[PDB]
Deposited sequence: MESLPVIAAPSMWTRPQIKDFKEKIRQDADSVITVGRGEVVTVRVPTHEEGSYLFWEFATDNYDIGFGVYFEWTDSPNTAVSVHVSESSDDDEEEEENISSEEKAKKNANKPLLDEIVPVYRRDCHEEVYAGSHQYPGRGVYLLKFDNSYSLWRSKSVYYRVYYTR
């Protein structure tokens, strides 16, 4: 039993990138053929988890997995999303106590790197 995630996009990328770059930890640089996995823990006070991400000149592989507190669940399949055109967002309920894995997958890239702008949220 796992809730299907909600996923959407919004056209304003330039505004998103600007508000994000004010903080350095919110900007990831993914190297050639590299996969960055961001680990976001579940908050007991929390229920819903929200995410947003964007890239500068290029697209990037993106997926989401869920880890139990070794067992795993596929939330968002890892796919190449064009986040340089639009800001990509999404939401998911908490099916337990565990840890979320945000996969930024550059594995397919031989040469170019990727500047990522990502932000996380949660609820009560």
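Got a list of the deposited-sequence ranges with no coordinates? Residues missing from the model, as numbered along the full deposited sequence, span 1-5, 75-111.
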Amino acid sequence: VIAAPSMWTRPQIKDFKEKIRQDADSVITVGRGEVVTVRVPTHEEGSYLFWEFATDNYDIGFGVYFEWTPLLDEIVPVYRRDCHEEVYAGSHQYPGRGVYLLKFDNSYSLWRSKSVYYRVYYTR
From here on, numbers count along this sequence of modelled residues.
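Of 27-35 and 42-50, which one has the bigger average CA B-factor? According to the entry, 42-50 carries the higher average C-alpha B-factor.
Determine which member of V87, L71, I60, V64 has the highest CA B-factor, using the values in the deposited entry. Checking the PDB record, the top C-alpha B-factor among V87, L71, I60, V64 is at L71.
Ordered by C-alpha B-factor within the chain, which third holds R10? Give me lowest, middle or highest, please. As the PDB entry reports it, the C-alpha B-factor of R10 lands in the middle third of its chain.
Lowest, middle or highest third: where is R97 by C-alpha B factor in its chain? For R97, whose C-alpha B-factor we compare with every modelled residue in the chain, the answer is the highest third.
For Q22, does the deposited CA B-factor place it in the lowest, middle or highest third of the chain? CA B-factor rank for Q22: highest third.
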